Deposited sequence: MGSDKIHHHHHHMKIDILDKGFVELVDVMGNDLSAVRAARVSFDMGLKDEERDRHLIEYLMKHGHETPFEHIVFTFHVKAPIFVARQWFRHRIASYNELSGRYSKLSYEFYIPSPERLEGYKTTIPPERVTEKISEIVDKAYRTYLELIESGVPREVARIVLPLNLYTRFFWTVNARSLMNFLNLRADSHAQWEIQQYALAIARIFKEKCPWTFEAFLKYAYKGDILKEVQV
């Protein structure tokens, strides 16, 4: 499973441990359908969330730095990211579409905002290459690159923490760009843990957009 997001981003599922029944087993402390599904709803409605910690996902995410900064505020998870100091990058940048501004009364056309963003990114990138060419190390030269530069990371997260992430980020108060990522995370979650996901939406989900 891989879902494209924004202009060059994506969320890709790398691995998953367990499924809905992993939470049921943990709740019953028992290794060895209607009753199991009823238990999942029960746990969710009463806030008995610890059993959901025994379901774990690993994702591979490509996102602009400003999105990644918000995402990385979720401390109850594991992250490994490309190195700005040492890694080869593709040097791609998130350029908002004109539709992103639709809704706001701007004194220049949305298409022109897009163009100005693209221009300043190109200038920053060209300054960066000149610095590199003249022998400035990457860890210094890259500081002139803008916040819409794409990075990549691995994210390992359990279903309880993932639900918190969806509560906060799959919500209209979150920035639109990370909402888009959160929708994709939700889709993958739903595919792998349909009972947990449905119970979550029904009883515990605090956001609006799902």
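Where C-alpha coordinates are absent, the deposited sequence of this PDB chain has the segments 1-12, 45-49, 228-232.
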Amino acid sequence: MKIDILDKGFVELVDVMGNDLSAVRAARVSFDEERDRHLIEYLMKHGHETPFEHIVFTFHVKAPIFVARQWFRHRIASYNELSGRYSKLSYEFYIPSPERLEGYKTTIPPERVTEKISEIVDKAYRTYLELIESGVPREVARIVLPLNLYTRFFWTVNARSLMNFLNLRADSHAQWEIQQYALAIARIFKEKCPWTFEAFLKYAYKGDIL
From here on, numbers count along this sequence of modelled residues.
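C-alpha atoms forming the largest set that superposes within 1.5 Å between two forms make up the rigid core.
Comparing the two stretches 150-158 and 23-31 by root mean square C-alpha distance in 4 other deposited structures of this protein, with all structures fitted on the core, the more displaced one is 23-31.
Per-stretch RMS Cα distance to the displayed form in 4 other deposited structures of this protein, following rigid core alignment, is highest for 90-98 when 90-98 and 105-113 are compared. Between the stretches 153-161 and 175-183, it is 175-183 that shows the larger average CA temperature factor. Mean C-alpha B-factor is higher over 102-110 than over the other stretch, the pair under comparison being 127-135 and 102-110. Comparing the listed residues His54, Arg69, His60, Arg35, the entry records the largest Cα B-factor for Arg35.
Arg169 sits in the lowest third of its chain by CA B factor, as recorded in the PDB entry. When the CA B factors of the chain's modelled residues are split into thirds, the value for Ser97 lands in the highest one.
Among the modelled residues of its chain, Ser78 has a C-alpha B-factor that falls in the lowest third according to the deposited record.
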